[PDB]
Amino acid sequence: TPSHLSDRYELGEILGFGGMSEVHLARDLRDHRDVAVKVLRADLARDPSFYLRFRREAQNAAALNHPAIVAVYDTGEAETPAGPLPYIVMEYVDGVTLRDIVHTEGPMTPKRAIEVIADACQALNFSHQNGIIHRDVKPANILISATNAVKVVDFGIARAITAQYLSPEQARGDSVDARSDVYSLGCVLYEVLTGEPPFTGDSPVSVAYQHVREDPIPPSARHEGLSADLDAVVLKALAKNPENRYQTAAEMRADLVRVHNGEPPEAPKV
């Protein structure tokens, strides 16, 4: 990868690695600001199967406009003498992932967890009202900024009509919809609350199997300082049948809000 893309974006340190792409902190020398640039790993920039796969993801990136969603600024294709190198330029978030927080700091307090997840529900809801399912909600895809704001990254591109955060339907290979993001957000909620996701296993298959077939253990049975109410919410978000989950991320956030307040939630009492 070159030091500069398009004589505009000056690549700096790696923020994170993804499937085929890596995200860099960079200076937009033209707009004079720091940005995040997602590029295709240089080695992979010759396999056409990858160049094409990435360019569609870039061309068709979810460009949503919401405080809790990392914006998309620009998309491009640079010119290293070796070859054309495709990239997406995005909002930069000076912060750390939920995955890092949970790992270095452990489970959050119920109050903090609720604030974080309800804020994620807003990003998800705004995304949903705009026709877009994230499909990969998970702690590594939720960012917390230095000033403590939630920023969600890595929305999947629109479609036609590991495994710790899959919904039963993705696991079965059935069709997914907004409710599917709901289930996954609940997995994250479960983890920030208890230090662990609902299901663990020796292999993605095992975990997938559990999502589809095993009853989750109520969070309070795995960590202290969790109320029965809060249990009911998490458990509803984790319902096996989409028909029985929260129907929208809004519904989910409203029940989270009630628990923050200390009011009984609309969720069932197990």
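Position 1 is the first residue in the sequence shown; the rest follow in order.
*Can you count, per the entry, how many deposited residues between residue 146 and residue 147 come without coordinates? Answer none, 1 to 3, 4 to 9, or 10 or more.*
Gap size class: none, per the record.
_Of 53 to 61 and 205 to 213, the stretch whose C-alpha atoms average the higher B-factor in the entry_ = Between 205 to 213 and 53 to 61, it is 53 to 61 that shows the higher mean C-alpha B-factor.
*Going by the B-factors listed in the PDB entry, is the mean over the C-alpha atoms higher for 44 to 52 or for 240 to 248?*
Result of the comparison: 44 to 52.
*Considering only 107, 131, 76, 139, which residue's Cα atom bears the greatest B-factor as recorded?*
Of the options given, 76 has the highest CA B-factor in the PDB entry.
*If you rank every modelled residue in this chain by C-alpha B factor, which third holds residue 71: lowest, middle or highest?*
CA B-factor rank for residue 71: middle third.
*Could you look up the Cα B-factor of residue 181 in the entry and say which third of the chain it sits in: lowest, middle or highest?*
Its C-alpha B-factor, which the entry lists for residue 181, ranks in the middle third among residues of this chain.
*Which third, lowest, middle or highest, does the CA B-factor of residue 88 fall in along this chain?*
According to the entry, residue 88 has a C-alpha B-factor in the chain's middle third.
*Relative to the other modelled residues in the chain, which third contains the C-alpha temperature factor of residue 25: lowest, middle or highest?*
Bottom third by C-alpha B-factor.
*Could you look up the Cα B-factor of residue 259 in the entry and say which third of the chain it sits in: lowest, middle or highest?*
Highest third - that is where residue 259 ends up once the chain's C-alpha B-factors are sorted.
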